[PDB]
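Here's the structure, in structure tokens; my notes come after.
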Amino acid sequence: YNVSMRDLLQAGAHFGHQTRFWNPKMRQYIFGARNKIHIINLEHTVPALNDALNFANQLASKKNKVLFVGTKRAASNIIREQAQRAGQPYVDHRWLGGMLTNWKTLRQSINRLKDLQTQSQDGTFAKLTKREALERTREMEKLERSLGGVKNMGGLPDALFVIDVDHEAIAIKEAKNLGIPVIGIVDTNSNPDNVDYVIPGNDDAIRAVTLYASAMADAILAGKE
RNA sequence: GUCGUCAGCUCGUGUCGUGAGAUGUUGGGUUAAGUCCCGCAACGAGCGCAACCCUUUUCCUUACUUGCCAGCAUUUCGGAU
């Protein structure tokens, strides 16, 4: 499930943000600047990505659960589809404040969503009249877009795989608080201090995020033990 | 009694701060209303608002006296009979 380097180049992982938006903590990876934007070399990307894939594969072999976090508009559909393929918990919409550090309260949310979903599955919704049907149905819609991804999830995850560390800094902080390891895609304008497995690469390209999520999901499925 | 029928007043877990505290309850529309809908380190609850109670406006069913009189008949022309 390794990515080689040519696939990374075709995806476009080598691009970064403009030089004036950089974070000086990525000097080791930034390599050079072809234009007014930085170019992240894939020579450091490939091995770190391979270690991340190996770690996730070992976690899947041990049967641990790896949560997926991407909330950008570009990466939302990709994380949704790939996490559905991999059968692991996912967070598509905005990170709720206290999803992990305040899991006890989110549990009740999962429970009443399941309850009202079973109500819709059975005939209680049918005997509920039309206007009651309608506000309970948008109750469905909002709660499902809010926490549908973590509905199967019943405990704290063993790893957190994140698309944009800056865009999802809150999740990284909660993971640091609870001690759970983080694998994340960091870019030139990003802070890598609280990421245990730091893979450097592009984050805006839909090809790049698709490649990353494909590698992650294929490793998780390839656990097979 | 009064502010005043004013729309406000609080609580638990989680975060930020050495701390008193803060957040949530703020931000944009809307409403008679913290009324409702969107966003957001917050996620969840109660008392308040509204409704449930009484009365009035249209119709139906049951009930036909001590109340009623459209049709019939008799009338001292008084539903008087």
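In the UniProt record's numbering, the protein residues as written are 4 to 228.
We treat Cβ as the ideally placed atom computed from N, Cα and C, and that holds for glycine.
- Around the beta-carbon of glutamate 46, fewer than 16 other beta-carbon atoms lie within 10 Å, marking it exposed.
- Look at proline 203 here: in three-state DSSP terms it is strand.
- Relative to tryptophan 106, the option among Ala86, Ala211, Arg37, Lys154 whose CA is nearest is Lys154.
- Linking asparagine 67 to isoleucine 33 through their CA atoms gives a straight-line distance of about 33 Å.
- Inter-residue distance for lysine 227 and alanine 162 is about 18 Å (C-alpha atoms, whole angstroms).
- Assignment of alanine 162 by DSSP, reduced to helix, strand and coil, places it in the strand class.
- Listed as beta-bridge partners of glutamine 21 by DSSP are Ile40.
- Ranked by Cα distance from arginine 97, the first of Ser149, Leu52, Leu56 is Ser149.
- Listed in chain order, the alpha helix (DSSP H) runs fully inside the segment 121-185 are 127-130, 133-150, 172-181, counting runs of at least 4 residues.
- Classified as exposed, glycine 158 has fewer than 16 neighbouring CB atoms from the shown chains inside 10 Å of its CB.
- Note that the segment 86-100 does not touch the segment 39-56; fewer than 3 beta-carbon pairs, one per stretch, sit closer than 8 Å.
- Closest option to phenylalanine 164, judged by alpha-carbon separation, among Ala129, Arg110, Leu56: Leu56.
- In this structure, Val72 is the residue among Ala208, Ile40, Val72, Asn38 with its C-alpha nearest to the C-alpha of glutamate 171.
- Annotation for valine 198: no beta strand (DSSP E) segment contains it, and DSSP assigns it neither H nor E.
- Per DSSP, reduced to three states, the secondary structure at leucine 116 is helical.
- Taking all protein chains shown into account, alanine 14 has 16 or more neighbouring C-beta atoms within 10 Å of its C-beta and is therefore buried.
- Straight-line measurement puts the Cα of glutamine 91 at about 21 Å from the Cα of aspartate 206.
- Two segments are said to touch when three or more pairs of C-beta atoms, one from each, lie closer than 8 Å; by this definition the segment 23-32 touches the segment 193-207.
- Sorting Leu103, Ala129, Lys176, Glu144 by C-alpha distance to the C-alpha of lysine 117 places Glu144 at the top.
- Scanning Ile188, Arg23, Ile183, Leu146 for the CA closest to the CA of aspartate 169 turns up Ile188.
- As the crow flies, the alpha-carbon of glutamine 122 is around 29 Å from that of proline 160.
- DSSP, read as helix, strand or coil, puts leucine 103 in coil.
- For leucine 99, the closest C-alpha among the options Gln61, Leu137, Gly151 is that of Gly151.
- In the three-state reduction of the DSSP assignment, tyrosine 93 falls in the strand class.
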